[PDB]
Each structure stands twice: as C-alpha cells, then as structure tokens.
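Asks: For the record, the sequence lines run as chains F, X, W, V and R.
Just so we're aligned, residue 11 is where the first sequence starts under full-length UniProt numbering, counting upward by one.
Just so we're aligned, residue 249 is where the second sequence starts under full-length UniProt numbering, counting upward by one.
Mind the numbering: the third sequence is residues 150 to 170, 195 to 198 in full-length UniProt numbering, read in order.
Mind the numbering: the fourth sequence is residues 2 to 233, 238 to 245 in full-length UniProt numbering, read in order.
Just so we're aligned, residue 38 is where the fifth sequence starts under full-length UniProt numbering, counting upward by one.
By construction, the Cβ of each residue, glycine as well, lies at the ideal position given by its N, Cα and C atoms.
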Amino acid sequence: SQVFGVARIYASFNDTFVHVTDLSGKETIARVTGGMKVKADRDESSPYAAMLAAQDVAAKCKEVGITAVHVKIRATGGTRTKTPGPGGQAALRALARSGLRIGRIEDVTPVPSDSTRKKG
Amino acid sequence: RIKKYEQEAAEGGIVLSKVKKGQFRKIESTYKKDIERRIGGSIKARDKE
Amino acid sequence: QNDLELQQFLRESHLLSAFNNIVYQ
Amino acid sequence: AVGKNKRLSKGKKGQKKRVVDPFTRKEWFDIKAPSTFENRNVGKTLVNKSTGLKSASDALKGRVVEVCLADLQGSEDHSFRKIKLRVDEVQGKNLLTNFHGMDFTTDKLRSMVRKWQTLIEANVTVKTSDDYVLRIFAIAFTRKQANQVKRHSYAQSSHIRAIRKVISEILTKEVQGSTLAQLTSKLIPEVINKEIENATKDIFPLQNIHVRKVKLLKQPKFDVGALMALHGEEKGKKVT
Amino acid sequence: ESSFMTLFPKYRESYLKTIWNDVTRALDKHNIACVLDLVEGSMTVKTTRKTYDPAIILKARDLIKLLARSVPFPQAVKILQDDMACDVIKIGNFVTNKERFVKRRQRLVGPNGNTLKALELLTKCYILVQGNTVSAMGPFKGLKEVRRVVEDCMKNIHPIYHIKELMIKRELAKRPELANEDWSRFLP
RNA sequence: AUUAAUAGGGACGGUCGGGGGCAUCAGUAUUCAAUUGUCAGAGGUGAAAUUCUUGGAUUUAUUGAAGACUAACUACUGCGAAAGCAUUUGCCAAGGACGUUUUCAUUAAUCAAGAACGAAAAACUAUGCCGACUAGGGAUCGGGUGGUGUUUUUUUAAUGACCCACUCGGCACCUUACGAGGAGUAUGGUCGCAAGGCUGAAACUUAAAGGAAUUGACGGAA
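(1) Tell me, please, which residues DSSP counts as bridged to V/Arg136.
(2) What first and last residue would you give for the beta strand (DSSP E) that runs through V/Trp29?
(3) What residues in its chain sit with their C-beta under 6 angstroms from that of R/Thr81, if we drop five residues either side in the sequence?
(4) Using DSSP with H/G/I as helix, E/B as strand and the rest coil, what is residue 34 of chain R?
(5) Going by the beta-carbon positions, is the gap between R/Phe177 and F/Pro57 smaller than 8 angstroms?
(6) Tell me the DSSP bridge mates of R/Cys123?
(7) Looking only at DSSP bridge pairs, what is R/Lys83 linked to?
(8) Does DSSP put V/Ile168 in a helix, in a strand, or in coil?
(9) Taking only beta-carbon positions, decide if F/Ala106 is within less than 8 angstroms of chain R.
(10) Roughly how many whole angstroms lie between the Cα atoms of V/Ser154 and R/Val125?
(11) From what residue to what residue does the alpha helix (DSSP H) around R/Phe110 run?
(12) Determine the direct distance from the alpha carbon of X/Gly270 to that of X/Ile283, and round the result to whole angstroms.
(13) Output the distance between the C-alpha atoms of R/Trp57 and R/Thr88, rounded to the nearest integer angstrom.
(14) Using Cβ-Cβ distances below 8 angstroms, what residues of the region 16 to 35 of chain F are close to chain V?
(15) Measure from the C-beta of F/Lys129 to each C-beta in chain V and report whether the shortest distance is under 8 angstroms.
(16) Of all the beta strand (DSSP E) runs that stay within the bounds of the region 74 to 100 of chain V, which reach a length of 3 or more residues?
(17) Quick check for students: name the residue ranges of the alpha helix (DSSP H) that lie wholly in the region 36 to 82 of chain F, counting only runs of 4 or more.
(18) So, are the CB atoms of W/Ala167 and X/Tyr253 less than 8 angstroms apart?
(19) State the DSSP-derived secondary structure class of W/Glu154, mapped to helix, strand or coil.
(20) On a CA-only basis, which of V/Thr37, V/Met103, V/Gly53, V/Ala141 is nearest V/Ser169? Give me that one, please.
(21) Closest to V/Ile137 by C-alpha separation, out of V/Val176, V/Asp108, V/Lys109, would be which residue?
(22) So V/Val65 contacts chain F; which residues on that side make the cut at Cβ distance below 7 angstroms?
(23) Any beta-carbon of chain R closer than 8 angstroms to the one on X/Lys274?
(24) In three-state DSSP terms, what is F/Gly15?
(25) Please name the residues in the region 115 to 146 of chain V whose beta-carbon is closer than 9 angstroms to at least one beta-carbon of chain R, in chain order.
(26) What are the residues that DSSP puts in a beta bridge with V/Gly63?
(27) In angstroms with no decimal places, state the Cα-to-Cα distance between V/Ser112 and F/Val118.
(28) Is there a Cβ of chain V sitting closer than 8 angstroms to that of R/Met80, yes or no?
(29) Assuming V/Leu61 contacts V/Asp131 under a Cβ cut-off of 8 angstroms, what Cβ separation, rounded to an integer in Å, is found between them?
(30) Does chain V have any CB closer than 8 angstroms to the CB of F/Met46?
(31) Smallest Cα separation from V/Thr129: which of V/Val167, V/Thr173, V/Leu228?
(32) Assuming R/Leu100 contacts R/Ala113 under a Cβ cut-off of 8 angstroms, what Cβ separation, rounded to an integer in Å, is found between them?
(33) For F/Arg84, which three-state DSSP category applies?
(34) In or out: F/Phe14 buried (at least 16 other Cβ within 10 Å) or exposed?
(35) Any C-beta of chain R sitting closer than 8 angstroms to the C-beta of V/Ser112?
(36) Mind listing the chain W neighbours of X/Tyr253? Cutoff is C-beta to C-beta under 7 angstroms, in chain order.
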C-alpha cells in the first residue's frame, strides 16, 4: 500500500524544474517548468510558480496512484553556485501540503572534483 | 576588545584591512559608540617618541 | 578614485551601516 | 512563459493530440531484492505496453534501481548508504535483481571531512571469485590521542604510503577470499573497516575509516541457477 | 528520520557553549531538535514526529553549516529567516601567482573594509572572506550580483567599477520610466 | 709526516620533503555521440534580446568517447636560487638538516665582465627606520639524546603514534639591551575661444512650410 515514487527537483536560479519519476529513474510520470506555469518570463522561479507547479504534479501523482515520495533536491552546481532555489523550497512545501507522504528527502547537486577553469 | 576581535579573526581565519602600527582598528563598535573623538587615533606621546 | 560622490560614499560606508542597523544619498 | 507578452518563434506551431494516455496504456510490475538482505520486497516499475514481452524483457532487465540501505535493511538509524542494483530476471509480476553498486552520500562526506587533520584515499580494481570485476574506493582519517596537546595530528609520507598499502592489501585479499554474495553480507556490518582498524593499529591512530565507493566494471554471463539459488515451474488456469 | 551533522573547531566551541540556548530555542520553535557532542566535536540537527516543514529542516542544516563556518548568531537568524540564502564562492581556482592572489583579495576587502561594506549595503547581504572561501548570506538578487562581482574581482576588473555599476543600476531602475532600455547607453 | 677552527669539502646511518624527469592507475565535472522516457518551452538578463527547441529542446536513466583540472582535506605552512611546486603506484637521478672518538688539510669569501635558469595583458592603497644586533617567550616544521607511562603487542613481522625535559637548523610572529613647492588670487601683455539679431533671404522686404505665439479677431445693448 506504500507505493513509492521519486521527485527530481532541479531548483535553479532561473527556473524551478519539478519532475516526479518512477523508482528506477526512466519513466517520467510528470514534469512542469516555472516558465511553463507562470505568465511572464520575469518570475519564472518564484514560490508562486513553485506552488502552481506543485499543484500540477500533485494532481498528476494522485492521477497515477503513487503514495510516497523520495525527493532529490538538485542545484545547478559545478561551475555555478551550489545553492538551491526558493522555488525549490516552496515546491517541497506545497507538495507536502497537497499531501504526498514525506518519504525521504535528500540533495544531490553536481559537485566538481576539479572545475574546468582557466588557470591564467 | 580590539585584541579579542583580532584573535577571533586570526583563529577562525578572516582577512582584514591592514593598518599602520600606530592606530587601533576601526570597528562597528567605535563607529556606533563614537569613541574616536574622546580617545583618539593613537598614543600621540608614543607617536612623537 | 578621482570621483567625488564615490569616495565619500566609500568612507561613509561603515557610518551608514552603523547608524542604519539604503538612504545613502 | 504561458503569457501574452511572448512573441512568435517557430515554437508551438503543429502538435499532435494527446490520445495515447500513457498510464492507462502502461502496466505495473514489482521488483525484488536478493535474499541476502532482510527486507526483500521493494518498489514498483512501469512497463510501457504488453505488445512486447520482448519489451518487458528489454526495459525491465536493462533497468538499474537505487535504494537507500535503511529502506533495504530496516536499519533504525537512517544508515547513510545507497545501493545500486541491476535487475535481469522477472518471474510473474515479480522481478529478480542482482547487485550493481554502492556509494556513500554527499552529506555524509562533507560531514566526515575536517580542517586540522589528514584525509587518506585509496582505490583497488580486483576480479572476484565469481568472475566479477569490481573497483573499491576506501577513505580514512587520522585522529589525535587524548594525551596530546598539539591541535593537529598529521601523518608523514612514509606513514600515508604504508597506510594506503596495507589497506589495499586487506581489500584485495578479502575480496579474493570471499564471493560476491558473502562480500555483500560482509559489507552489511562494516566489519572490514573494524578489521582495517585492528590491523593498521600498529601504524597510526585513526578515527573514521570508510569504503566510499563500489563500482562494477564487467559482468559475467547470467546464470538462472546462481540468481535463483540466491533468491530462494508455474501452472495456469485452463482458459476455455 | 531526517538528521544531519557538522563538525566544528574548538575556538568556536567556546562560543557555541555560551550561546547554545538560543539555537535550540529558535529551532524547537520551528520543531527542530538540536544537540551537541564534544568529543565528536560536532553539532546535530534532527526532526521529530511533529515537524511539518522540509524547507525549514534544510534551513537548519544550513544553520549548523554557517555556524561551523563561524558567522555569529544575528547572521544565523538572518539565514533562518525565510526568503534569505547562504551561498559559498571559491576564488582559489583562478590565478597563478600566490602573491597576486593575496594582493587581489586585499583589493577586494579594501581599505577599512570599505569596498566590502559598500557592497554589503548595496546588496543587503553579508560577506565574509576566508582565504579560499567567501561566504555570503542574503536575498537572491544580491547573491547573484555579488557572485558576478567577486568572480570578476578575482579576475581583474575593479570592485570600484562594480560599485559604480551597482549604484547607477539601482537608481536607473528606481526611476520608474524605463523598463525596455538595455541601459548600456549609461553604463561605461 | 703539529692540529683539524661551534672555517670549508667528503663518506657513512637513519630520515625528511604538494623538490625534478618518465610512464603508469583513478576521481568527478564539462562537451559530444548513441539508447529509452513524458511532451511544451529552454537560455540569459534588472527587464530584454541573439540562440536552441515536433526530425521531440531542456530534463531524468544508460553507457560510450575526447580535451583540460585534481576540490572538500589547504595552512600558524613544507620544498626549490627565482618563476614555481598538490590523485595512485613503480623507475631513474638529484638536495637539506640531523648523528658519527669518520676523511682531507685551509682547500674559505665579496664579486664587477661571461653564462644558466624566468608561465611572461601587467598594475590600481599598500610603508615597517637601518644595522658589523644584546637578551628573550610562546608557536610550528625536520632530526637526534633521555625519562616516563599510556596507546601498542604476544616465536613473529617493519619496535610505530602520544607526554615531557634536553639538543641543533629553518619559516614566521611577538617584546627588548646596543650601535653608524603645495595652495589660491589678480591680470588692460602674448596666443587662442569668440558674441547675436525668427528660419526661407539674396543682387529681390519675396512664396510654401516650420517652430516659437497659442482663450481667434472685430462691433453693439445693459
């Protein structure tokens, strides 16, 4: 009765990618973007876009029949900052508030071993 | 207070404005509490010395 | 460093912080 | 960019209709971990369509899943360990997997690493007794004694080189003294790290010794015998 | 369930023990438990069976991370404020000569810290410079701006050019007559 | 056939080092290629725009490949004459210091001319008297001398780490005895800047249009 799916959240500094997925990581059960749910291009990372994108993926999750989430938070990382997005946080908020049983939270953002920067 | 501030910086390594040997530091303490006018930059007697 | 407004703002940068905790003009 | 200020590119010009309805054309299968661990039952997976039993085999045996070891073992502590698994066999809404790999987690790494001390890394690449080719990354940390008043306990060059050597020795020796099944049940209690402590006790004081990574290189040829004898012939209902 | 840890050094451990009521007060106010292990030399943050905010437990992880990197408790509650953000910027991966590296981060910090403090005012964040790491905490717009600035600063443009850019930008956006213009007619 | 200088070279014993050349093994990240996934934007900016994106962009999984770098550990530092110097294991060859009732026998030193070594947009607030230099203290790094217990272990494998006293040499830091024209003003001179009248427009009082001017103007009755 505890059916588990996962949620990859690429929370950038210019969009909030929310993406529920099967447990293996190939079947993309749903996907919405901040720039697909907010009106203008100016606010394509705001917590309003987070709440809306979260409600869309929540509707889709209760459409398919998943009962629990493993949320993986990811930032842009590597060359740019290692910091997540406010859309990321509010998305996790509104997903828990629409009521996906909070299975397991983890962050995996791409961290460089040694970055490709010009040692001038 | 300046010495304890300098020690906490150099123990948990921070950089700081390098000043000459005479004067003290310049902190938010001295800027807010306005202590320069009633103490000064440095010991003027030792400065002339 | 020849500018007039710039360096005055630069040395007042701690005073405005101290008496603030921006209206810098 | 759902708004009206957006100008016109190529963009959303010609688009087919949502008719396919993927999750009413899809199917739900269940996967099963080996029997060496405790909790065998784990997760679910989506089959695209039963027009291919070829397709069921293709997707559901090319799969690679990844669980956390608390989810796998029922550990009351969330025991900071991710296990990769690679599935190859299905028996009737119930897939049978094998083992693929195992990494630590990034938060635990940034928890381990400190400031006034020394981190040691090592890597080995062995062939197992059941013909698997594996690569193991192990890490270690120096510590200070209680009597010490010095605020750092570094190790010198002969120390670090001898340390990496002896841990490489115990790594290759133990992985070639055991199979992959007993190797997995040997990495379950982390008794290899306790062995490394009570073996390199005569070199240098250590506080945190860990195997960071386990990666596969080459897989042997699949045996239904081995996989099934690990996991611990069916008849139907006469449709008229 | 959800739990995280972070190591610290001892000279901060004194400060930790002297202030430790305040962190556990704010965090059980957010229903976040925190504890402290001395021989481990570590802090721990965990949730309980009543916690209802994943954003705030990620925030508490950021709290112990910042407090390990030795920022005081006013800045700690400023990051546990909701719409703020920590951000770490490394500079050690830019330049070749060590002495040029030293003089360049001194050019950053400036005489009487003045360049740093003007930057902090104009972005409403807080900066702190530690050798090869520079920590910053504040709102996201200021953080993006300071990231661009410090990367060009350990490149070879000057922070004074950037400070003039910042004040001109903030004024030109303050006057609510222009939102279409690319403003490069005004920036040099 | 004098010594062997707290002069110099040399050997040996244990060491030390992100010192050097040669391959070698590996971490991730990025870029491209290919495989599958759901189908509607992605990028960047203050907001924009260029660009990519029904031949399925971005994104999730899989490998694959190339070309750079070896983070967190990383600094109160080590090593090199300087620039420089950070994964692994070998191979080769140098070098400092320690310690020796070891070797020679003053072979040392300051260097102008000559030679070797030096990635080669760079820089932009930094500055402390100086010394043929007296004492010092806490820290480190490297070696030896001794004690002491831990930690260790024990017929078997490298007799290592820590406490403290002593002892040499470094990098640093901290207190100390001592000594060798800028300004502004004025300008009857000199060289330059040069000033305005509606515009057409001048030999023509000269058209349209243009801005300026903007409540058009002209008479009666109370």
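Replies: So, from the listed chains and residues:
(1) In the fourth sequence, residue 136 of chain V corresponds to position 135, counting from 1. DSSP, once it has assigned bridges, lists V/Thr126, V/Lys216 as partnering V/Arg136.
(2) Here residue 29 of chain V refers to the residue found at position 28 when the fourth sequence is read from its first residue. Segment 28 to 33, the beta strand (DSSP E) holding V/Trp29.
(3) For the purposes of this step, residue 81 of chain R is taken as residue 44 along the fifth sequence, with counting starting at 1. Only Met42, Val72 meet the Cβ criterion.
(4) In this structure chain R extends from 38 to 225, so residue 34 of chain R is not present and cannot be described.
(5) Counted from its first residue, the fifth sequence places residue 177 of chain R at position 140. Counted from its first residue, the first sequence places residue 57 of chain F at position 47. Inclusion of R/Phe177 and F/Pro57 in the CB contact set at 8 angstroms is not warranted, their separation being larger than that value.
(6) Within the fifth sequence, residue 123 of chain R is the residue found at index 86, counting from 1. Looking at the DSSP assignment, R/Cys123 forms a beta bridge with R/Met174.
(7) Along the fifth sequence, read from residue 1 onward, the residue named residue 83 of chain R stands at position 46. Answer by DSSP bridge pairing, in chain order: R/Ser40, R/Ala70.
(8) As a working mapping, residue 168 of chain V is identified with position 167 in the fourth sequence. In the structure shown, the three-state DSSP call for V/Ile168 is helix.
(9) As a position in the first sequence, residue 106 of chain F is number 96, starting the count at 1. So, interface residue.
(10) As a position in the fourth sequence, residue 154 of chain V is number 153, starting the count at 1. As a position in the fifth sequence, residue 125 of chain R is number 88, starting the count at 1. Answer to the nearest angstrom: the Cα atoms are 28 angstroms apart.
(11) Stepping through the fifth sequence from its first residue, residue 110 of chain R is reached at position 73. 110 to 117 is the span of the alpha helix (DSSP H), which, as asked, contains R/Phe110.
(12) For the purposes of this step, residue 283 of chain X is taken as the residue at position 35 of the second sequence. For the purposes of this step, residue 270 of chain X is taken as the residue at position 22 of the second sequence. Spanning the two alpha carbons is a distance of roughly 16 angstroms.
(13) Numbered from its first residue, the fifth sequence carries residue 57 of chain R at position 20. Numbered from its first residue, the fifth sequence carries residue 88 of chain R at position 51. R/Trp57 and R/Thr88 have their C-alpha atoms spaced approximately 21 angstroms apart.
(14) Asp32, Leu33, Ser34, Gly35
(15) Taking the first sequence and counting its residues from 1, one reaches residue 129 of chain F at position 119. Output row for F/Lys129: interface = no.
(16) Segments of the beta strand (DSSP E) lying fully in the region 74 to 100 of chain V: 82 to 91.
(17) 44 to 47, 57 to 74
(18) Taking the first residue of the third sequence as 1, we reach residue 167 of chain W at position 18. Taking the first residue of the second sequence as 1, we reach residue 253 of chain X at position 5. Contact: no.
(19) Start at 1 with the first residue of the third sequence, and residue 154 of chain W comes out as number 5. Of the three classes helix, strand and coil, the one that applies to W/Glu154 here is helix, per DSSP.
(20) Counting from one through the fourth sequence, the residue named residue 169 of chain V turns up at place 168. The candidate whose alpha carbon is nearest that of V/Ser169 is V/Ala141.
(21) Position 136 of the fourth sequence, counted from the start, is the residue given in the question as residue 137 of chain V. That would be V/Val176, whose Cα lies nearest to the Cα of V/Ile137.
(22) Within the fourth sequence, numbered from 1, the residue matching residue 65 of chain V stands at position 64. Within chain F, the residues near V/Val65 are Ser34.
(23) Here the question's residue 274 of chain X lines up with position 26 in the second sequence. Yes, contact with chain R.
(24) By one-based count along the first sequence, residue 15 of chain F stands at place 5. F/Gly15: strand per DSSP, three-state reduction.
(25) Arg115, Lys116, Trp117
(26) Counted from its first residue, the fourth sequence places residue 63 of chain V at position 62. Per DSSP, none; premise fails for V/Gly63.
(27) To locate residue 112 of chain V, count along the fourth sequence from 1; it is residue 111. To locate residue 118 of chain F, count along the first sequence from 1; it is residue 108. So the two alpha carbons sit approximately 15 angstroms from each other.
(28) As a working note, residue 80 of chain R is residue 43 in the fifth sequence. No, because no Cβ of chain V sits closer than 8 angstroms to the Cβ of R/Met80.
(29) Taking the fourth sequence and counting its residues from 1, the one referred to as residue 61 of chain V is at position 60. Taking the fourth sequence and counting its residues from 1, the one referred to as residue 131 of chain V is at position 130. At roughly 24 angstroms, the Cβ-Cβ gap does not stay under 8 angstroms, so V/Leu61 and V/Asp131 are not in contact.
(30) Mapped onto the first sequence, residue 46 of chain F falls at position 36. It does; some Cβ of chain V falls within 8 angstroms.
(31) On the fourth sequence, residue 129 of chain V is found 128 positions in, with the first residue counted as 1. Here the closest residue by C-alpha is V/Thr173.
(32) To locate residue 100 of chain R, count along the fifth sequence from 1; it is residue 63. To locate residue 113 of chain R, count along the fifth sequence from 1; it is residue 76. About 6 angstroms; that satisfies the 8 angstroms criterion.
(33) On the first sequence, residue 84 of chain F is found 74 positions in, with the first residue counted as 1. In this structure, F/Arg84 counts as strand in the three-state DSSP scheme.
(34) In the first sequence, the residue the question calls residue 14 of chain F occupies position 4. Classification of F/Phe14: buried, given that the 10 Å Cβ count is 16 or more.
(35) Working through the fourth sequence from its first residue, we reach residue 112 of chain V at position 111. For V/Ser112, the answer is yes, since a Cβ of chain R falls inside 8 angstroms of its Cβ.
(36) To locate residue 253 of chain X, count along the second sequence from 1; it is residue 5. The contacting residues do not exist; X/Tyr253 stays about 14 angstroms from chain W at best.
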